[PDB]
Amino acid sequence: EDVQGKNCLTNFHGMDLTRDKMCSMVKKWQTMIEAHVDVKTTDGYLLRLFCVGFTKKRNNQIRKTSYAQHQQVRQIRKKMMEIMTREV
Amino acid sequence: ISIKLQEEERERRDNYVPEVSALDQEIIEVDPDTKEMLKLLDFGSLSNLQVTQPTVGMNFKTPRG
Amino acid sequence: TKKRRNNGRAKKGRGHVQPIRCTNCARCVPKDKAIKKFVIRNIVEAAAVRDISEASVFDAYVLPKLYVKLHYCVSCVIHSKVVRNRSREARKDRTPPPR
Amino acid sequence: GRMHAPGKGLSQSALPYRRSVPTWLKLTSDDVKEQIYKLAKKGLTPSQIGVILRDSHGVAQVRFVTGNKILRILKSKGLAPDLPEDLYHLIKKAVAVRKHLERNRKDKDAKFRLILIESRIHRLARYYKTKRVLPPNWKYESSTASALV
Amino acid sequence: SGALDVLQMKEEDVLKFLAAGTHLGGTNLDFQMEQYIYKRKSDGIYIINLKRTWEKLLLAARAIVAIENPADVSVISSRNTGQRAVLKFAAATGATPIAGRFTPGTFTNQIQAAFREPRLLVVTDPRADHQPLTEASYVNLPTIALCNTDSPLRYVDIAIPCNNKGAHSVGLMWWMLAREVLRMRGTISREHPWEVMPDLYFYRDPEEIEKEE
Amino acid sequence: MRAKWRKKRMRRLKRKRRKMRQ
Amino acid sequence: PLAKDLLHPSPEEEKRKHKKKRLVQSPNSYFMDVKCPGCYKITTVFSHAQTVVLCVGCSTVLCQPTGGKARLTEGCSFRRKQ
RNA sequence: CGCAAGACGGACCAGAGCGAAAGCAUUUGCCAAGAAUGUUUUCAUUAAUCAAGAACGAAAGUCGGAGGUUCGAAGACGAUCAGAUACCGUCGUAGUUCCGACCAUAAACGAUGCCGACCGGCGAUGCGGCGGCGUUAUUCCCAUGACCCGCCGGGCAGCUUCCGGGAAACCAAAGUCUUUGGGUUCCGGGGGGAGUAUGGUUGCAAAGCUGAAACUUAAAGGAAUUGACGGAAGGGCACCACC
RNA sequence: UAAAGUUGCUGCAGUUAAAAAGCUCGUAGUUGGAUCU
């Protein structure tokens with residue numbers, strides 16, 4: 001955002017995950033719940049935050065899959081949205 | 001190779017009996033359900049039987065997939 | 001005559017399955033009929049791993065992997081030896097090779 | 001199976017063997033009749049009346065306490081609707097589907113379902129006309145249906 | 001038995017069964033072995049009603065006794081867990097043993113070297129002894145089998161419900177069958193315990209004999 | 001001959017005949 | 001198998017069956033006298049009630065309709081009849 | 001580093017779900033539906049299948065309107081080849097996209113009409129309901145979620161079986177068939193000619209529906225078996241193979 | 001004419017040999033649960 005005295009002063013512009021991490025996190029017997037919010041901080045900085053989560057297999061689970069029903073996914077996504085909006 | 005001499009020699013070899021029977025001992029564990037089965041058979045008052053406790057959980061199926 | 005009870009696909013209980021493009025030839029193949037491989041391979045070969053790890057500015061950087069999804073059509077999957085012909089009895093077998 | 005669906009569902013009420021008023025039920029036949037009359041005056045159909053008699057008053061089956069069915073009771077007292085409950089609900093559903101279809105004209109599934117509902121309406125109307133519940137001149141129309149609702 | 005108190009099950013027999021794990025079946029249940037199971041445990045194991053086990057053992061002993069040529073009964077075991085038990089049963093009772101692999105065509109191929117025409121067939125496990133059982137369906141051969149909860153009952157005429165997986169249980173069941181057959185025959189009495197004991201019929205791992213030598 | 005190409009030939013013949021009989 | 005006595009089913013097997021496939025069909029539902037500590041009278045509630053029942057002597061919810069059996073509010077004593 | 005446009009919704013995504021079929025996959029909201037389960041609610045035979053008739057119906061195609069990123073019939077070149085009017089490559093029109101009106105055809109397939117009953121077993125899975133040790137979250141109690149173990153009802157399927165059937169392949173239906181009759185619709189009668197000619201009808205067209213005959217022919221064809229062959233795969237051998 | 005159960009009402013076929021309409025709705029037609037000495 002500025003340069004003084006052979007010195008570049010950077011500001012936060014965005015955040016991301018490396019492709020390897022996101023590729024590893026997507027397995028084939030669970031659901032991926034994805035949410036996003038356009039939210040402005042208290043100083044005019046309007047961000048877009050993306051949250052991703054995956055359903056968890058229990059430690060005593062025998063069923064191969066760990067799928068959440070559509071209403072459960074919607075509740076999880078609404079919780080994601082509200083928590084991210086609160087925290088931002 | 002099979003001759004009668006080998007058969008008799010092997011039946012001599014298998015003519016082995018332990019001092020104490022491996023079957024009957026002082027205390028044998030028995031689960032509550034088999035204890036009820038025995039009490040149905042009127043053999044539930046045997047004192048050789050030790051009522052052990054059943055498995056804590058219900059994890060006996062291997063995970064599928 | 002019928003070679004396979006499932007017709008070489010997994011289209012049970014629906015009428016249409018969306019198609020995908022073969023990674024090799026770009027042929028249109030139904031997503032349930034295409035042969036799917038998920039290859040998770042180290043981004044550097046087992047030969048270049050020594051030089052790359054020696055030249056790393058970090059200690060125990062652990063190289064990232066590469067997660068590629070390949071969707072072969074039947075012709076390309078047979079040519080690439082990803083799957084091969086089986087005897088009439090052994091065709092029914094559905095357990096993946098042990099590898 | 002279902003008339004207009006491929007389903008072969010089995011769920012339904014399983015009546016008990018006994019045809020007698022239950023021991024817990026102290027309500028007399030006239031008391032049940034009065035409760036039915038009040039519920040009908042409140043504007044409830046025989047299905048709803050039976051539901052709330054079973055659910056709050058312990059009346060397992062009104063026929064086994066009164067000796068008469070709820071619709072027959074309402075007809076005898078004289079406060080039964082002009083057209084039967086099932087036909088009225090079918091006509092209401094058809095009216096709702098038609099009102100949806102006017103603002104959503106690309107909904108071919110709605111058109112298919114409306115055709116099915118109107119076939120059911122016509123079958124029920126033909127049955128009630130043979131049984132003389134409906135006048136022989138009664139016909140279902142695409143314009144006067146909302147008036148009957 | 002037939003409610004004959006001389007044939008009723010004894011406390012010592014119950015203790016032998018419980019010590020050998022005879023009452024303990026598997027985690028799977030063949031639908032034709034439902035009538036022999038008392039109840040499933042908290043860990044998925046099926047418990048075998050030992051009263052029905054004794055009833056079927058006595059029925060099998062009665063069937064064996066009603067063959068006045070003892071060599072016309074064939075006792076078969078393909079698994080090692082029951083080979084010594086089968087040999088001991090054949091020695092004590094006079095039956096003909098087939099311990100080891102059963103050659104197909106033994107009952108059907110008249111020309112073969114091991115061709116025989118038994119009058120009754122007893123096997124340790126219908127799953128592991130499926131080959132003689134099938135041949136039993138070719139020569140009018142009645143069949144007795146020691147059946148676990150998941151045992152298949154095809155071509156099995158008298159199914160004895162017992163644990164046939166453990167060496168202790170297999171040996172004890174064969175020993176008890178030999179004891180019952182002898183008692184019905186007349187040799188050895190029903191009053192004092194048999195001078196032979198189940199551990200003779202058991203199977204010992206080669207490491208066990210190495211430990212014992 | 002492939003049946004669909006025989007059908008195509010027949011349809012082209014029918015079009016040529018339609019041009020014949022206007 | 002091949003000898004099942006269809007005239008005298010065991011009560012456990014008959015209770016295991018669907019309510020319509022029993023020898024003589026019987027419902028799985030029941031009626032309960034339910035009583036609240038804040039009430040001076042009992043009421044009769046269907047086990048599978050489809051409406052929200054209220055206390056006869058109060059204004060409190062008694063049971064909430066669900067997919068199957070209704071959810072009786074805690075603190076209310078319920079006893080089956082017959 | 002941005003901006004614009006149009007297209008499409010990866011991975012999750014499954015022999016999983018929903019829909020009459022065609023078909024349906026970013027979030028959120030609205031709208032009207034729907035199956036299944038639950039039901040000691042209501043009506044009380046109101047039902048099954050159906051000439052006529054009607055709704056929907058992939059893709060391509062046809063009219064107008066908008067758009068027009070990619071891909072791309074036709075087409076223009078460049079290659080390869082004996083020749084290539086193809087396969088391969090660079091471009092590229094219609095089209096592919098949306099709106100309205102047509103078209104009503106697909107290997108529109110489960111190549112298997114719908115409704116009903118009976119006839120083996122097993123383990124899974126989806127939805128609903130019921131019951132129950134125990135673990136985990138909502139800081140702790142019940143409820144409820146996620147698991148675990150069963151049961152019931154419909155559903156997509158799978159394995160197994162000397163149920164039975166079948167020419168067999170195979171099918172728990174394609175079984176309950178010379179021991180032949182539960183109800184009903186459609187439809188076939190050796191192969192070609194030929195789904196052609198012709199008439200009728202529908203369509204703006206392309207074509208759709210209905211649809212022969214003369215003539216010709218001893219076989220076409222189904223399933224399976226043994227060989228031979230393969231510019232199919234996998235093994236094995238040999239200095240008349242190689243290293 | 002029989003053979004021809006190759007016209008099948010008795011009495012045929014329609015997964016692959018010829019063949020179930022792409023799919024539902026629907027009138028006529030055909031068929032229609034228990035029950036009354």
Side-chain angles (χ1 to χ4, degrees), chain A residues 23 26-32 34-36 54-56 58-63 65-67 72 77, chain B residues 54 56-59 61 64, chain C residues 1-2 6-7 9-16 18 31-32 67 69 78 81 84-85, chain D residues 1-16 22 45-51 53-55 60-61 69-71 84-86 93 96-97 99-101 103-104 107-113 115-116 119 123-124 126-128 130-131, chain E residues 28 30-31 42 44, chain F residues 10-11 15, chain G residues 1 16-19 27-31 46 48 50 66-69 71 74:
Chain A
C23 270
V26 189
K27 283 96 164 179
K28 211 169 104 78
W29 306 117
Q30 75 216 37
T31 110
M32 170 183 39
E34 262 179 353
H36 68 77
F54 304 86
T55 61
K56 207 193 194 340
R58 295 318 232 168
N59 32 62
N60 64 294
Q61 200 181 282
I62 303 314
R63 286 147 49 66
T65 54
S66 67
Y67 296 134
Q72 299 190 333
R77 177 179 295 114
Chain B
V56 207
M58 258 162 150
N59 295 350
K61 291 301 188 194
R64 286 173 298 241
Chain C
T1 189
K2 277 197 73 172
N6 66 346
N7 313 319
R9 47 183 320 165
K11 199 199 69 57
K12 295 279 188 25
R14 54 211 49 94
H16 189 245
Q18 60 261 93
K31 179 170 138 123
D32 69 354
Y67 301 77
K69 320 117 199 194
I78 289 175
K81 275 128 185 171
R84 74 185 38 51
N85 89 304
Chain D
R2 296 294 84 71
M3 165 175 289
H4 280 155
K8 320 239 159 292
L10 183 59
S11 69
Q12 69 210 102
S13 290
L15 223 56
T45 35
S47 307
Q48 303 181 281
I49 292 163
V51 163
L53 279 199
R54 191 207 41 202
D55 270 352
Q61 215 76 38
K69 316 164 66 73
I70 304 189
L71 207 241
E85 180 215 305
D86 39 357
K93 187 188 302 161
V97 174
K99 178 191 154 202
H100 164 91
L101 259 164
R103 29 186 180 151
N104 300 105
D107 202 325
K108 316 271 185 48
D109 184 36
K111 215 219 278 218
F112 181 78
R113 297 316 155 156
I115 291 172
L116 300 189
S119 299
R123 286 155 95 127
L124 207 43
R126 157 173 89 225
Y127 160 64
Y128 280 132
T130 70
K131 278 269 140 40
Chain E
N28 313 324
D30 195 73
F31 77 110
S42 292
Chain F
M10 263 150 44
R11 279 178 176 153
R15 251 187 274 201
Chain G
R16 214 217 209 181
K17 269 162 200 335
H18 192 264
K19 51 172 191 176
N28 298 330
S29 56
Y30 49 91
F31 287 76
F46 193 39
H48 295 77
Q50 309 156 8
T66 67
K69 249 174 256 197
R71 214 153 56 210
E74 262 72 49

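When reading the values below, keep in mind they use all heavy atoms of this one structure, side chains included, and skip hydrogens, waters and symmetry mates. Lettering of chains follows the sequences in order, A, B, ..., and the numbering in each one begins at 1.
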**Selection from H/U41, H/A11, H/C43 that lies nearest to any side-chain heavy atom of D/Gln61** = H/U41
**Phosphate OP1/OP2 of H/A47: any D/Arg123 side-chain N/O under 4.0 Å** = yes
**Request:** Give a yes/no answer on whether the side chain of A/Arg77 brings an N or O atom under 4.0 Å of OP1 or OP2 in H/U28.
**Result:** yes
**Prompt:** If you look at every strand shown and take non-hydrogen atoms under 4.0 Å, does A/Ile62 touch a base, only sugar-phosphate, or nothing?
**Reply:** sugar-phosphate
**OP1 or OP2 of H/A11 under 4.0 Å from side-chain N/O of C/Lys31** = yes
**Message:** I need the CH2-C1' distance between A/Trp29 and H/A146, as an integer number of Å.
**Reply:** 20 Å
**Prompt:** Roughly how far apart, to the nearest Å, are H/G189 and H/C229 at atom P?
**Reply:** 43 Å
**Request:** Kindly check the sign of the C1'-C2'-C3'-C4' torsion at H/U96 and name the resulting pucker, north or south.
**Result:** north
**Message:** Quick one, D/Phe112 with D/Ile115, criterion side-chain contact (heavy atoms from CB on, under 4.5 Å). Give me CA distance, side-chain angles, the key distance, then yes/no.
**Reply:** CA-CA 5 Å; D/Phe112 181 78; D/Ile115 291 172; 5.6 Å; no
**Asked** Heavy atoms under 4.0 Å, any strand shown: does C/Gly13 hit a base, just sugar-phosphate, or nothing?
**Response** base
**Request:** Looking at every strand, decide which applies to G/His48 at a 4.0 Å heavy-atom threshold: base, sugar-phosphate, or nothing.
**Result:** sugar-phosphate
**Message:** Whether D/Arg103 contacts H/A32 is assessed here as follows: a side-chain N or O lying under 4.0 Å from the phosphate OP1 or OP2. Is that the case?
**Reply:** no
**Message:** Say we look at H/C43 and H/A36: how far apart would their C1' atoms be, to the nearest angstrom?
**Reply:** 23 Å
**Item:** Minimum-distance nucleotide to D/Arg126 side chain [options: H/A47, H/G110, H/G34]
**Value:** H/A47
**Prompt:** Under 4.0 Å between a side-chain N or O of D/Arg113 and OP1 or OP2 of I/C25?
**Reply:** no
**Request:** Would you mind classifying the nucleic acid contact of D/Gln12 as base, sugar-phosphate or nothing, using non-hydrogen atoms under 4.0 angstrom?
**Result:** base
**H/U201 to H/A108 separation - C1' atoms, rounded to the nearest Å** = 24 Å
**Message:** With a 4.0 Å limit, can you tell me whether G/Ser29 has a side-chain N or O closer than that to the phosphate oxygens OP1/OP2 of H/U40?
**Reply:** yes
**Sugar geometry class by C1'-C2'-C3'-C4' for H/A172** = south
**Item:** G/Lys69 side-chain N/O to H/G38 phosphate OP1/OP2 under 4.0 Å
**Value:** no
**Asked** Do the side-chain N or O atoms of D/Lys69 get closer than 4.0 angstrom to the phosphate oxygens (OP1, OP2) of H/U42?
**Response** no
**Prompt:** Does H/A232 have its sugar in the north or the south range once you look at the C1'-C2'-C3'-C4' torsion?
**Reply:** north
**Request:** Anything under 30° is parallel, anything over 60° is perpendicular, the rest tilted; go ahead and classify G/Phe31 against G/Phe46.
**Result:** tilted
**Asked** For H/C177, does the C1'-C2'-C3'-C4' torsion put the sugar north or south?
**Response** south
**Request:** Looking only at side-chain atoms of C/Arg84, point me to the closest of H/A14, H/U40, H/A233.
**Result:** H/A233
**Message:** Taking 4.0 Å as the cut-off, does a side-chain nitrogen or oxygen of D/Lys131 come that near to OP1 or OP2 on H/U46?
**Reply:** no
